[PDB]
Structure formats: structure tokens, C-alpha cells
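Asks: To start, I am sharing the structure in question, which I have written as C-alpha cells.
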Number of protein chains: 4
Amino acid sequence: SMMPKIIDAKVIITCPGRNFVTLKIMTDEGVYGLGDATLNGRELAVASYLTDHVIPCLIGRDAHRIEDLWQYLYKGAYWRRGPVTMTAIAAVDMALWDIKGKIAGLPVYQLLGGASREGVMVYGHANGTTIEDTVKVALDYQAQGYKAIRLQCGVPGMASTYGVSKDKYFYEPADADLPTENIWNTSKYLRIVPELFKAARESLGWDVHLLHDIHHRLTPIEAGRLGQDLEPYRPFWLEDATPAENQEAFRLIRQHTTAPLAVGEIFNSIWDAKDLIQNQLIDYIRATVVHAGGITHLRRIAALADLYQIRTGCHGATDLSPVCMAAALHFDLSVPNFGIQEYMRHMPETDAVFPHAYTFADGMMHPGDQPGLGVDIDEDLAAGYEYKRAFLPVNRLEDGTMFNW
Amino acid sequence: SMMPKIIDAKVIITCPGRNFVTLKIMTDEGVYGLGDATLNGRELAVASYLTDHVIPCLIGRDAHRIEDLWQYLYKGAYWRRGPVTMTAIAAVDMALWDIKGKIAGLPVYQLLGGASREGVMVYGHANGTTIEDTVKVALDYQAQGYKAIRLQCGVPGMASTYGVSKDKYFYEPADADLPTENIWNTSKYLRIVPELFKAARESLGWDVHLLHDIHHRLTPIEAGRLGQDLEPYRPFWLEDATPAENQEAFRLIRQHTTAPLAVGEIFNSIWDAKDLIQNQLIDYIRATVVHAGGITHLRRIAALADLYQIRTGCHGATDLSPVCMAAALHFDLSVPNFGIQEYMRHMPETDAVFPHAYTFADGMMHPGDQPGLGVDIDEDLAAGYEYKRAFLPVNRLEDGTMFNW
Amino acid sequence: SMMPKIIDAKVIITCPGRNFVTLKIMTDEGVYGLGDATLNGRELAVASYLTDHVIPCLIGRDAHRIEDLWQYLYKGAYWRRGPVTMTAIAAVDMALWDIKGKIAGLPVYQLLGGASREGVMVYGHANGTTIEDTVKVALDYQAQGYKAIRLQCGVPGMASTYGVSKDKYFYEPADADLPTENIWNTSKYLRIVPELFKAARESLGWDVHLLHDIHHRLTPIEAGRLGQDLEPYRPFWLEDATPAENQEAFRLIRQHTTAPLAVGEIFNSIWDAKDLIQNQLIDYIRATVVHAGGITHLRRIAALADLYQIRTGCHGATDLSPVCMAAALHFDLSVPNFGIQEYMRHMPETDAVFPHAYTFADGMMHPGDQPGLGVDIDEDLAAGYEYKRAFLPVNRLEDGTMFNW
Amino acid sequence: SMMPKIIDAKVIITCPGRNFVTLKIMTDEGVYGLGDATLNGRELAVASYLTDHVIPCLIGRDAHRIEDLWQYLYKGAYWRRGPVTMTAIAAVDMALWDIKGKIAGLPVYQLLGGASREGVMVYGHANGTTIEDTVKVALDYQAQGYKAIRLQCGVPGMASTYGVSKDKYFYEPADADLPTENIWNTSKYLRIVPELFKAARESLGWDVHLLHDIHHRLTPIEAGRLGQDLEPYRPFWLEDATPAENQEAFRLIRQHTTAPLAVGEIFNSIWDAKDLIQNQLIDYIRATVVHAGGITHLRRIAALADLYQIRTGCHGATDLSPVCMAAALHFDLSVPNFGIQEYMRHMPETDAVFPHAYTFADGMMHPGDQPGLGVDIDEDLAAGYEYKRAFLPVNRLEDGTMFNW
Ligand SMILES: [Cl-]
Ligand SMILES: [Cl-]
Ligand SMILES: [Mg+2]
Ligand SMILES: [Mg+2]
Ligand SMILES: [Mg+2]
Ligand SMILES: [Mg+2]
């Protein structure tokens with residue numbers, strides 16, 4: 001019945017504890033949709049991609065035509081793929097699915113096949129300077145009812161490492177108006193992680209799922225070894241073992257370890273993962289609605305993965321807004337090959353700016369049953385938190401060589 | 001708002017010109033859905049699969065949970081895949097999507113991404129005893145506005161061959177209460193088809209799309225040769241070149257010809273086509289909503305094909321009911337990598353039994369905009385046409401060897 | 001001399017402790033043959049496939065022409081392969097071999113190359129709630145003279161798991177008029193099986209063959225790990241490690257463990273196993289006469305397997321009738337690459353309905369030396385046990401996701 | 001009922017127009033079986049293999065146990081495979097199948113699945129010094145009702161070539177008490193064959209099947225070219241294009257031509273053909289009952305070939321005795337993937353020594369319906385034709401280099 005045309009769209013930028021960029025699409029029927037467009041450390045490039053280029057092309061279009069607009073933006077940009085490009089496309093896609101649900105009077109998961117499960121298992125983030133500190137935090141997460149917990153500890157002798165900070169229920173690495181410089185030592189790291197997992201199993205037991213993020217810092221043969229060393233402790237996954245622009249990079253890892261492997265939070269399209277999937281080089285795909293081209297495209301990534309029993313493990317750090325989390329949870333509740341959802345808690349100010357229907361209890365989340373995504377933005381409140389430039393950190397080897405953070 | 005539970009389901013069997021089996025699923029809200037379950041020549045095996053086994057398990061279920069029921073039936077059968085199994089699953093799936101659209105107040109294509117195109121290109125079926133007869137019929141189809149036409153002619157010296165009969169706008173091969181026996185000669189066939197295409201281009205010109213169905217009758221190296229011989233005439237596709245249970249069977253064909261290849265009307269799951277697709281051995285995938293596990297599963301087949309620029313070419317013979325055609329047209333209007341839709345006209349009695357919203361004009365079809373699939377069944381009218389046993393034909397070589405029909 | 005034509009055939013359905021479907025083919029010479037057509041949980045779909053479609057085509061045919069009828073039904077169905085299709089074909093094939101033996105005055109094994117061995121080694125089924133319970137039952141089987149024993153134990157903390165029940169010499173999972181729902185936890189399972197095998201070797205010693213059925217519940221990399229963990233205990237096989245519709249699914253398993261692998265009880269044709277065999281991904285093929293197209297086709301599966309030193313390990317649960325067991329034992333005694341035969345004991349009522357010549361003693365079976373298969377059906381007795389609907393169970397993960405049973 | 005033990009066996013050697021070696025196996029029930037053991041040009045090596053080694057091991061064995069004796073001889077020889085070894089094994093195997101049929105009171109084809117066809121298509125042999133001579137002979141074969149004809153012509157400027165002689169309905173190359181020396185020129189040959197096929201199609205037309213035997217004389221890239229040059233004339237096959245000990249040798253041929261390829265008359269086991277078959281490098285497999293390990297083993301070769309739509313094309317030159325031809329025709333009538341049977345006529349003296357039931361009419365043969373193979377040997381008549389040493393020819397290049405005949 002309702003046949004809404006897009007009449008206006010705008011980018012809202014706000015910093016309630018950290019930067020978020022949001023797309024709002026309005027139709028002539030008064031129904032609107034929201035999409036996350038946040039790209040941590042490069043936020044204003046996406047805002048411009050949208051405001052200056054994409055939005056003008058949205059005006060007048062049939063909001064029902066989700067696939068058509070996806071293809072129009074993907075093919076029509078001419079220069080294909082990429083983090084800025086695909087995040088802009090995701091934002092439009094999310095917003096259109098939001099609108100579709102509102103028109104249908106159904107939550108988005110009902111449009112994607114309905115619920116495949118009763119709730120969405122998440123993991124939280126235990127970090128500490130020492131192994132003892134890390135295990136103590138993990139015990140707290142376990143008591144709170146988390147079924148899965150990521151472990152990150154300090155590397156002895158090294159001032160910093162990925163995932164360790166003063167924050168407990170999250171990790172906010174974009175912490176400075178210029179990139180914070182870190183120093184990395186692979187040898188020390190390879191020896192500490194197995195000791196961490198040993199101590200963790202001793203205190204937590206064997207039912208809880210234990211995860212670890214390598215954060216791009218190993219070569220393939222080094223990752224193969226870390227895998228071998230962690231097998232005794234049965235990790236749920238080892239994530240981002242080695243840079244993956246070359247999709248053959250995981251071959252040596254898979255040849256040498258049975259530790260389950262996860263990758264892809266920085267992937268922006270199926271083309272970044274096609275060979276990793278088809279060659280059975282990974283067990284979990286980490287791509288997200290916001291960074292890999294929205295619900296439309298993420299469903300295709302998941303479908304390819306399903307053929308090889310690879311499961312979804314969407315990235316869920318703080319730099320994905322509650323709009324992204326809402327979309328992710330609708331995707332998670334409905335996708336058949338769901339694995340796990342990452343859950344870092346947002347600041348209270350963030351929750352206030354983005355009121356939402358999704359809930360967390362007893363280690364499980366649910367997207368809620370409001371029409372569409374079940375999320376909104378309080379524009380008046382958002383206007384009170386001005387953008388503040390903040391970069392992700394960089395990492396160098398001890399001789400000064402640029403390395404992977 | 002509406003949360004319908006399945007309260008009853010039943011199989012309706014009717015023969016308005018030919019046999020059709022239809023599943024009707026009723027919910028406690030009064031909304032119902034329809035699914036085609038027709039499996040030509042083996043119809044009552046699916047009716048029993050549904051009535052005796054599947055239907056009892058449907059009662060009480062949440063009709064919104066399409067994916068859950070698909071997986072429940074697919075995995076839960078224990079014995080996986082197969083023509084009877086997957087047709088029963090398709091029928092349930094179609095019916096649930098029908099219900100979903102009705103609940104949403106939207107035509108099904110609006111749930112599958114919206115319209116990717118303004119209409120759906122179809123092909124019709126020109127057949128004749130001689131090449132001259134065949135080309136004359138093709139000229140009529142072309143004048144009627146068909147943009148694409150399948151050509152089948154008699155093989156000189158042979159009493160019968162696939163696709164040639166007294167019927168003009170369709171072909172009804174299940175014509176006897178025991179399988180009609182045919183005699184096949186490959187040598188004569190390989191020499192006639194290139195002469196047919198030569199004559200066709202001479203009269204029809206080069207804009208019209210010309211198709212040919214080999215109907216499983218060649219070895220791979222023979223199909224490679226027929227391809228080479230047809231390249232000059234630029235066929236839109238050569239279909240079912242060789243039996244494909246062995247998915248390596250298309251390798252020699254693809255090595256030796258650039259004629260576009262189509263296969264898969266008899267496929268019932270993605271597992272029948274995964275290697276043909278990933279190895280780039282075909283250009284069009286012919287699997288249908290009714291025989292390959294419904295909309296849910298056919299979308300996954302299409303998504304895999306899309307990665308390799310392979311397009312959909314759904315089978316559309318008379319033994320797929322208007323319920324299947326409605327679903328196919330919703331799929332066709334929304335799938336991004338649509339290629340073509342086969343369209344054989346149904347008998348008037350069939351149209352009367354299955355009133356529908358889909359339309360045909362100027363070589364193009366459209367699913368219409370009624371909620372759900374836009375199809376119904378007139379049960380009182382259906383009851384007046386009793387089931388009549390009818391088998392597909394068989395084919396033997398001249399020495400009597402069982403062969404492929 | 002005798003040249004029998006088929007004059008009639010019929011499907012007999014009976015439930016002497018569980019459902020069985022049997023095909024009886026009568027010839028004009030008075031000689032008849034029997035074939036099992038039982039497809040657990042979907043029985044009436046095969047009965048209809050036979051009664052309504054296949055049987056009409058059998059009438060008048062030369063019963064000597066076994067290959068011709070196999071090809072006629074396989075190719076002639078048009079829609080190829082599948083559990084209902086291939087079980088119907090198997091039933092006809094078994095019945096025709098039965099007839100052939102009767103005409104020749106020889107047991108069927110004498111037509112298949114003669115005896116390759118003096119008897120057929122079988123395995124029995126030890127199950128228990130605890131490891132201690134399971135090992136105690138295994139000790140009893142070992143004392144009874146079984147040379148091979150399958151071990152299944154409960155998963156601590158989980159109400160149910162595959163293969164564990166109150167029944168000792170068999171396992172009857174189709175136990176309800178709707179599918180029983182189960183809840184699955186992979187983590188707990190992966191830790192219990194190695195403890196079971198450790199305890200088993202401690203009590204049983206190292207000569208006995210010990211088997212385990214994973215029953216489709218692991219991903220490939222998980223199965224690789226379970227394999228690594230079980231190698232110390234030298235399992236005879238680990239069965240159905242991961243769903244195998246994708247035949248590449250066993251690649252990661254084979255890469256990482258030397259535990260012998262078995263698969264295929266649910267396969268219905270050689271096309272389900274060709275790549276698993278040719279790529280040397282398994283050690284035993286489990287396909288059966290009744291579900292994979294009869295003696296004619298199972299011999300071809302075994303011949304392909306033989307080239308790679310892969311051996312037969314026919315499935316032998318209670319849902320394969322004594323008619324199937326008779327055929328299996330004739331196949332087993334004659335096939336060169338025989339590995340083992342599964343043997344679950346039938347209820348006394350079942351044995352009464354299907355009198356047979358095959359015997360069991362000291363862990364070994366033999367098909368007997370009666371003409372044909374050496375099995376009959378007491379139709380009067382069968383008529384007293386009416387069909388009773390019963391489904392195989394389903395399995396879900398703890399979040400409710402449909403999973404593999 | 002009858003359970004015959006082998007009591008004696010003997011080798012009969014006779015030369016009714018050419019050398020034949022025959023194995024006769026006698027049982028204590030008085031039933032006997034015959035097997036061909038003729039290995040052209042090396043006949044007495046097989047006679048000794050049998051008389052001195054195999055026969056002593058046969059005495060006392062259960063004649064019903066065909067598979068057991070096959071494996072016993074194949075594995076038990078220790079030194080596996082080979083022309084002398086496998087011909088001895090074939091002779092035993094043929095003789096045991098002969099016995100099995102006699103015991104069953106059935107012709108052998110009835111034990112191998114029954115008849116798959118009404119008769120067996122054969123090809124005859126047209127040869128001439130000039131192309132004109134060759135085509136004239138072919139016209140005669142065509143008039144006589146042959147559906148398929150091999151063409152061999154002289155190479156202009158060359159005194160001899162394979163397949164050309166004064167004999168019309170056969171070719172007897174083992175013609176001297178020392179190997180006849182021939183001189184070969186590849187260049188001249190590559191230019192003459194396409195002219196032969198051109199002339200043949202001009203006179204014979206396009207329905208008849210036309211075959212050509214390259215007889216091992218080309219390199220792969222040369223065979224690829226000859227294939228390309230013959231495609232216009234649609235040869236039924238091009239046989240033995242290049243020596244095939246290296247099974248990769250056919251790769252370049254298959255890459256470059258769609259002419260159908262045949263190989264394998266000199267193969268003695270499936271191991272000589274496994275890769276040619278699995279890599280889809282040939283269309284017809286030419287191995288015979290007598291040289292590739294009998295009926296038992298040839299059925300396995302055919303079954304592997306069937307998976308790839310490769311058909312049988314048994315070699316049938318005069319040096320295979322009527323005992324072999326009888327076995328071949330029982331195999332041919334029953335094998336599902338039959339392609340064609342070679343038929344060279346034997347001398348009248350040969351037919352007198354080996355009375356048989358098989359017949360030829362109108363280009364088709366049939367094994368007949370006598371129990372067993374339907375062949376016998378007249379020992380008194382055989383005794384009147386003494387062995388006469390005769391070698392196959394050799395071939396050298398013009399510089400004297402040893403080459404392939
Ligand atoms: Cl970019
Ligand atoms: Cl089926
Ligand atoms: Mg990460
Ligand atoms: Mg077709
Ligand atoms: Mg099992
Ligand atoms: Mg030759």
C-alpha cells in the first residue's frame with residue numbers, strides 16, 4: 001500500500017564518549033530509517049562520501065528498492081570496494097531495511113527468514129596487565145553469566161599491547177588527537193599467550209568459551225606455532241592471526257594447527273574473504289553490517305561461509321554504534337550459521353543518544369520486536385556532543401619498522 | 001503484531017489438463033499460504049511425503065519462522081536431499097513466504113530486496129517436425145513479441161525426439177499411463193541442430209535470443225563439438241548438454257566451446273551445482289523454486305552463482321503449477337543476477353483452478369502486487385478434475401540400451 | 001530354461017516392533033522375490049513411490065534383466081538420485097537378485113563372485129549413561145564373542161545424546177509420533193569421548209576393535225581434533241564426523257588425524273561418495289543395499305572404493321529389515337574389500353515376520369546357502385502388526401538453533 | 001546343490017590358421033570350463049606360466065569361488081600385473097565363469113546383470129593400398145550391413161603401414177618366424193589420413209561410423225593435430241594415438257581436439273587406465289577379457305569408465321580366440337556402458353576347432369543362450385594343427401631408430 005519515495009537524507013555526527021556517524025533517510029510518507037556510517041579514525045571521509053556524493057543520488061528513489069540502490073551505489077561508484085565506499089553503502093542499506101520493517105510493521109529479523117534461535121550469544125572482554133589480573137577479570141565476567149570471554153594480557157617487559165587498558169567492559173584504543181605509538185616484540189608475545197590460557201583453564205574450567213585476538217601481529221608460520229601451543233586449552237577462536245590481504249596467508253596456519261581461526265573485522269566485501277572461505281582456511285567470519293556493505297551484502301558473505309560450515313562472528317567493538325548493533329542483532333537472530341556476537345558495552349551517553357530496543361541478559365542478547373531495526377537517534381541530545389578528532393594507534397617493531405597494530 | 005501459529009495443512013491433488021499437487025497451510029489468524037509440490041511422473045510420492053510425514057510436524061509451529069522450518073525439515077528428515085524430499089520442503093517454504101507477505105501486506109518480491117527490474121524476460125517454445133516448420137513457428141513467436149525462443153526440430157529418419165509434438169505454445173511429454181518408449185540416434189542429431197540454427201538466423205535475424213535444449217543426450221566431448229558447431233549462430237544457451245551427476249562432466253565441454261551453457265532443472269539442492277558453479281563450467285543455473293527447496297534455498301543457489309557472473313534461468317515447463325510460477329516471478333523480479341525465465345502456457349482449466357495476479361505482455365512477465373505470492377486455489381473447481389496417472393517418456397538407443405530422455 | 005515375466009508386485013507394510021516396508025515381485029513361473037524398501041521416518045513416501053509409480057512399470061518385464069530395470073528406473077524417473085527414489089530402486093533390485101538366485105538354484109553370493117571369506121565380522125552396540133556403565137556393557141559384548149564393539153556414552157550435564165538409551169543390543173531412536181527434541185553441546189562432548197576410550201582400553205585391552213559414531217555433530221576442524229585425541233586408543237573408525245553433502249568437508253579432518261574415518265549410511269548413490277573416495281578422505285564406506293540402490297549399485301560403490309583400499313562397512317541398524325540384512329550378508333561374503341558389518345538385533349516379532357537363513361555365532365554372520373536371498377515374509381503374520389507412525393529425533397543447540405541429529 | 005572341486009586342468013596349444021592357447025579346467029562333477037590364454041607373439045610364456053605354476057595351485061579348489069581364485073593368483077604371484085601374468089589369470093577367470101553358468105544352467109550374460117541390449121554392434125576392417133581401394137572395400141562392408149568400419153590406407157611412398165595387407169575381412173600381422181621389419185614416416189602419414197576420411201565421407205555418407213587406428217605412432221602434439229584435421233569428418237574414434245605407459249601422454253591430445261579417443265588393447269589391468277579415465281582423457285576403453293584379467297576384472301574397468309561416460313570398445317583381432325570372443329560377447333551384451341565390439345573374422349579351421357553359439361547378422365552379434373560361455377574345443381581336431389612360431393612385426397624410423405609398431 002504505502003509506496004514511499006526518498007525526499008531527504010542527512011548525516012549526523014556526534015561524540016557521546018566517542019565519534020559516531022549516522023545516516024538518516026526520510027521518505028514522503030514520514031517513515032524514516034537510520035544507518036551507522038562510523039569508520040573509526042577516518043570518520044569524516046565517510047561523512048563526506050555520503051553528504052557530497054551518495055545523498056544527492058538518493059533523492060526521489062523508491063525506498064522499497066533495496067537491492068537496486070545497493071547495486072546502484074556499488075557499481076555506480078565506478079571505483080569499487082573499500083572501507084569508505086562500503087561503509088557508506090552499508091549505511092544506506094541498513095536505513096532502507098529499517099524503513100522496510102517499519103512499512104511491514106515487522107522487526108527486521110522477520111524479513112530475513114525469522115528467528116533461527118531464541119537469543120544471541122555474546123562475548124565480553126577480559127584484560128589485565130598480568131595473567132593473574134586477566135584471569136581475575138575473566139572470573140568476574142564468568143560469574144556475570146558470560147558464556148564466552150576474550151582474554152588479553154600484557155606482554156612482560158613491554159609497555160603496551162593490543163587490548164590491555166584501564167577500561168574493563170570495553171577497550172577504546174582511538175584515544176588521542178594523533179595516533180599513539182606502540183612498540184612490539186613478537187618473541188615475548190608468543191611465550192606469554194600459552195601461559196595465559198593455561199592459567200585461565202585452571203581457574204575458569206572447561207565449559208566457558210575462551211577467545212584471543214592476535215590483532216594482525218604474526219607471520220603465518222608463527223601463527224601456526226601459536227595455534228599448536230594453544231590447542232591444549234581449546235580456544236573458541238584465535239582471531240586475525242596474520243594480515244590477510246593475501247588470502248593465501250592463512251594456508252600455513254591451517255596446515256599446522258587445529259585451533260579454530262577467525263578473521264575479517266576489517267573486510268569490506270565478500271571479495272576479501274572468498275578464497276579464505278572456499279579453501280577452508282577459517283572457521284569464523286568477522287565482517288560486520290556497517291563495514292561490509294550492510295545487511296544485503298553480509299547475508300551473502302554468511303551464505304557462502306555456510307557451505308563450508310564456517311560461522312558468523314561479527315565484530316562488536318565500541319566504534320560500531322547502537323544502530324549497527326541493532327542491525328547486527330537482527331542479522332544474528334536470523335542467520336542460520338550464527339557463531340557468536342562480540343559485545344563491548346557503550347558509554348551511558350551513547351545509549352542516551354541512540355535509544356534502542358535490544359537487550360542483554362545472562363550472556364545473551366536479543367534485537368527486540370519493534371518495527372524495523374528498533375533504534376532511533378535523539379538529534380537534540382546528539383547536537384550537544386561535538387565531534388572530537390581521535391585516531392587509532394600505530395605499532396612499530398623495536399628497530400622502528402612500521403608494523404601492524 | 002499478528003503472530004500466527006499453524007493449525008492445519010493439507011495436500012490438494014487435481015488434474016486440470018495435467019496433474020498438480022498443492023500444499024495449503026492454514027494459521028489460527030485465518031491467513032493461509034500455498035506451495036507447489038508437483039513432481040512430474042512421481043506426484044503421489046511427494047503427496048505422501050507431505051501428508052504422512054511433514055504435515056504432522058507443521059502443526060503448532062510459528063509460521064513466521066521460515067528458516068527454522070526449512071532447517072527442521074532439511075536436517076530433520078535425516079536422509080538428506082533428493083527430488084521427493086526437496087519438493088516437499090519447497091512447498092512448505094513457498095507457503096510460508098506466501099503467509100509472510102500476507103502478514104506484511106506486501107508482495108513477496110518486496111521481502112526479497114525489492115524489484116531489481118521492471119519486468120521478467122521469458123522464452124517460448126518453437127517446435128516443428130522439419131527445420132522449415134520450426135522456423136515458421138519461431139517467426140510467429142517473434143512477431144508475438146517474444147525476445148527469446150527455444151528451437152527444437154525433428155531428427156530426420158527418427159520417429160520422435162525431445163521437444164517436438166503437435167502442441168505449439170507448450171510441450172506435455174507425460175502423455176501416457178505407462179512411459180512412452182522412444183528411440184535415439186546421436187549421430188543424426190549432431191548434424192541437424194547446426195542446420196536448424198543456420199536456417200533460424202537466416203529468417204529471424206540476430207537480435208532475438210535463440211535457445212536449445214540438448215536434454216541430456218550427449219557425452220561431454222560430443223557436447224563440446226555441438227557447441228563448436230553452434231558458435232557461429234550465437235545461441236543464448238545450450239541446455240542440459242550431458243548428465244551432470246558427475247559435476248566434472250562439463251569440464252571437456254567448457255574447454256572446447258564458448259557457447260553459453262545452462263543446466264539444472266532436475267537439481268534439488270545447491271550441492272548438485274556447487275562445483276559446476278565454482279569451476280565456471282556453466283553460464284545459467286536452471287534450478288526452480290519448486291524442485292530445489294523453495295525461495296529460501298534458491299536464493300542461496302543464485303547468490304553463489306552471482307560470484308561467478310552465472311545467471312538464473314529457471315525451468316518453467318507446464319508441470320510447474322501457477323503457484324510455482326508466481327513464486328518464480330517474485331524471485332525473478334528481485335534476484336540481482338536474473339538471466340531469463342522459461343514460460344510454457346498452462347491450459348485454461350489450470351488457470352481457472354489457480355487464479356493468479358501475474359501477467360504476460362510483450363515478451364515480459366510480472367508477478368503483480370497482491371500481498372504474498374498473489375495466487376490462490378479454487379478447491380471446489382479443483383475437486384472436479386481427478387488425478388490421472390501419467391509418466392514422463394523413456395529413451396533407448398537403437399540396440400535397445402536404456403538411455404537418457 | 002525358465003524365462004519369467006513379472007505378472008504382479010505389491011508393497012507390504014508391517015510394524016512388528018517397528019515399521020518395515022517390503023516389495024514382493026511375482027513372476028508367471030511362480031518364483032517371487034523380496035526387497036526391503038524401508039526408509040526410517042519417511043516410510044510411506046517410498047511405499048507410494050513404489051505402489052503408485054514404479055510397480056505399474058514393472059508389469060510384463062523380463063525378470064532376468066536386472067541391469068535394464070535398474071537403468072530404466074534410475075534414468076527413467078527423470079528426477080535422479082535421492083533417498084525415496086533410490087530406496088524404491090534398491091527394493092526392485094534386491095527382489096530381482098532374489099529371483100535370479102532362485103532360478104539359478106544358488107544363493108545370491110554365488111552370483112557375485114562366490115565367497116571371499118568364511119564368515120562376516122560384525123559389530124555390536126555398547127551404550128551407557130556413564131563411562132563406567134558403557135565399559136561394563138562392552139565387557140559383556142566382548143565376552144559374548146564380539147570382535148568389534150561400538151561405544152557410546154552420555155555427555156555429563158546433558159539429558160540425552162546419540163546412541164544412549166535403555167535398550168542394550170540395539171537402539172530404536174524413532175520413538176515417538178512426533179520427532180523427539182534433543183539439546184546438544186559440542187564442548188562437553190569433545191572432552192568426554194577420549195575419557196571413554198581411555199577407560200575402554202583399560203578394561204577391554206587392545207585386540208578388540210572399538211568404534212564410535214560422531215553422528216554428524218562436529219565441524220571439520222573439531223573432528224580433526226577429536227581424531228587427534230582418540231589416536232592413542234586406536235579406534236577402528238570414527239563415523240559420520242561432519243555433514244558430508246559438501247564432499248570437501250572431510251579434507252581438514254584427513255589433514256590432521258590418522259584416526260580411520262567412516263561415512264555414508266545416509267548416502268543413496270555413488271555420486272555422494274565419489275570425491276570422498278577418490279581424494280582418499282575416508283577408510284570405510286557405510287552405504288547400504290537398501291538405501292543406495294541395491295546390490296547392483298552397491299557393488300559399484302565398493303569397486304571404486306577398492307581402488308583406494310577403502311573397505312565396506314555397511315550400516316545395520318534395526319530400521320533395515322531382515323530382507324536388507326540377508327542381501328547385505330550375501331554382498332559382504334562376496335565383496336573383496338569387505339571391512340565390517342553393523343549388526344543390531346531385531347525384535348523376536350520381526351524375525352517371526354521375516355523368516356531367514358542367515359545366522360550369527362561367535363561374532364560372525366553368514367548369509368546361509370538357500371537359493372536367492374534366503375528370506376521370506378509371512379504375510380498373514382505381518383497383517384497383524386499395523387503401521388504406527390514414528391519419527392527420528394531432532395537435535396538443537398542450546399540457543400535453539402536447528403542442528404544435526 | 002552341485003559343489004564342484006577342480007580335479008585337473010590343462011593347456012591346449014593349437015594352430016588352425018594361427019596360434020591359440022586355451023585353458024581347460026575340469027571338476028569332479030564332470031562340468032568343465034574353457035578360457036583363452038593366447039598372447040600373440042609370446043604364446044608359450046603364458047602356456048608355461050599356466051602349466052608350470054598356476055595349474056598346480058588350482059587343483060582341489062572350490063570352482064564356485066571365482067573372486068577368491070582371482071585374488072589368490074593376482075596377489076599370490078607376488079610380482080603383480082603384466083601381459084603374461086594377467087592373461088594367465090584371465091584364462092582361469094573365463095573358465096570359472098563358464099563353469100558357473102553351466103552349474104546355474106544359464107548363459108554367462110545372465111549372471112552379469114542380464115541383457116542391457118538386444119545385440120552387440122561390431123566394426124569390420126576396410127583396408128587398401130590407395131585411398132580409392134580403401135573406400136571401395138568400405139562400400140562393400142557398408143552394403144554387407146556393418147554400421148561401423150575401420151579405415152586403414154597405405155602411405156604413399158612407403159612400402160608398408162599398419163593395417164594394410166592382402167587380407168580383406170581381417171589382418172594377420174604375426175606373419176613370420178622372425179619379426180618382419182617395417183619403415184615408418186610420420187610426416188607422410190599425417191597428410192594422408194585426412195584425405196582418406198574426406199574421400200570416405202564423400203562415398204559412404206554420414207550415418208556410418210568410421211574408425212581409425214593410429215597404432216601408437218604419434219607424439220601427443222602430433223595426435224592433437226591429426227585430431228583437429230579429422231574433426232570435420234566426425235570419426236567414431238581415433239585409436240592408440242600415442243604410447244600410453246605415461247598416462248599423462250593423452251593430456252595434450254585432449255586439450256587440442258574433440259575427436260573421440262580410444263586406447264587400451266594392450267592394457268592388462270585397471271592400473272594402466274585409472275588416470276586416463278579419471279582425468280577424462282579418453283572416450284573408449286579397449287581392454288579385453290583375455291588380456292586384462294578376465295570378466296571379473298574387465299567389469300571393474302568398465303564400472304570406473306562408466307562414472308565418466310567412457311564406453312567399452314573391446315579389441316577383437318584374430319589373435320583373440322573364439323573362447324575370448326564368446327566371453328567378450330557375454331560381457332558386451334550385459335555391460336551398461338557398451339560402446340562397440342571389434343570383429344575380425346576367424347579362419348574356417350579356427351571355427352571348426354572352437355565350436356560356438358555366438359552369431360553375427362546385419363552388423364550385430366549375440367553371445368547365444370547356451371549355458372556358460374557357449375563355446376567348446378574339439379581336442380582331436382586341435383591336435384592336428386601343430387604350433388608354428390610367429391612374431392608380431394617391428395617398426396623403425398628411416399634412420400633406423402627402433403619405433404612403435
Ligand atoms: Cl575506500
Ligand atoms: Cl527423494
Ligand atoms: Mg579484533
Ligand atoms: Mg530442459
Ligand atoms: Mg551412524
Ligand atoms: Mg589397435
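All residue names refer to the C-alpha cells as shown: chains lettered A, B, ... in order, residues numbered from 1 in each chain, ligands numbered from 1 in order.
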Compile a residue-level contact table for chain C against chain D at a cut-off of 10 Å, reporting for every qualifying residue the shortest atom pair and its distance in Å to one decimal, with only C-alpha atoms counted, rows ordered by chain and ascending number, as a tab-separated table.

Replies:
residue	atom	partner	partner_atom	distance
C:1	CA	D:105	CA	7.5
C:2	CA	D:106	CA	9.5
C:62	CA	D:114	CA	9.5
C:63	CA	D:114	CA	9.0
C:64	CA	D:114	CA	5.7
C:65	CA	D:114	CA	4.5
C:66	CA	D:113	CA	5.1
C:67	CA	D:113	CA	4.9
C:68	CA	D:116	CA	5.3
C:69	CA	D:116	CA	9.0
C:70	CA	D:113	CA	9.5
C:71	CA	D:336	CA	8.3
C:96	CA	D:113	CA	9.7
C:97	CA	D:113	CA	8.8
C:100	CA	D:111	CA	8.3
C:101	CA	D:104	CA	8.9
C:102	CA	D:104	CA	10.0
C:103	CA	D:104	CA	8.1
C:104	CA	D:104	CA	4.6
C:105	CA	D:104	CA	6.7
C:106	CA	D:104	CA	7.3
C:109	CA	D:65	CA	9.9
C:110	CA	D:64	CA	6.8
C:111	CA	D:111	CA	6.1
C:112	CA	D:111	CA	8.2
C:113	CA	D:67	CA	4.9
C:114	CA	D:65	CA	4.5
C:115	CA	D:65	CA	5.8
C:116	CA	D:68	CA	5.3
C:117	CA	D:68	CA	8.2
C:270	CA	D:307	CA	9.0
C:271	CA	D:307	CA	8.9
C:274	CA	D:307	CA	9.0
C:278	CA	D:278	CA	9.2
C:296	CA	D:113	CA	7.9
C:299	CA	D:303	CA	9.6
C:300	CA	D:303	CA	6.6
C:301	CA	D:303	CA	9.4
C:303	CA	D:300	CA	6.6
C:304	CA	D:304	CA	6.8
C:306	CA	D:300	CA	9.9
C:307	CA	D:271	CA	8.9
C:334	CA	D:67	CA	7.6
C:335	CA	D:67	CA	8.4
C:336	CA	D:67	CA	7.3
C:369	CA	D:1	CA	9.4
C:370	CA	D:1	CA	9.7
C:371	CA	D:1	CA	9.5

Asks: Residues at most 9 Å from ligand 2, using only C-alpha atoms and all ligand atoms? Could they come as a ChimeraX atom specification?

Replies: /B:45-46,79-87 /C:45-46,79-87

Asks: Report the distance between atom CA of residue 241 of chain C and atom CA of residue 213 of chain C in Å, rounded to one decimal place.

Replies: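 Atom-to-atom, atom CA of residue 241 of chain C to atom CA of residue 213 of chain C, that is 7.6 Å.
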
Asks: I'd like the interatomic distance between atom CA of residue 358 of chain A and atom CA of residue 285 of chain A, to a tenth of an Å.

Replies: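 Calculated distance between atom CA of residue 358 of chain A and atom CA of residue 285 of chain A is 22.9 Å.
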
Asks: Do you know which residues are at most 8 Å from residue 144 of chain D counting only C-alpha atoms, after dropping those on the same chain fewer than 2 positions away, and could you put them as a VMD selection string?

Replies: chain D and resid 140 to 142 146 362 to 363

Asks: Would you pick out the contacts of segment 159-175 of chain C at 6 Å or less, using only C-alpha atoms, so that residues sharing its chain but fewer than 3 positions from it are not included, and give the list as a ChimeraX atom specification?

Replies: /C:127-128,152,344-345,390-392
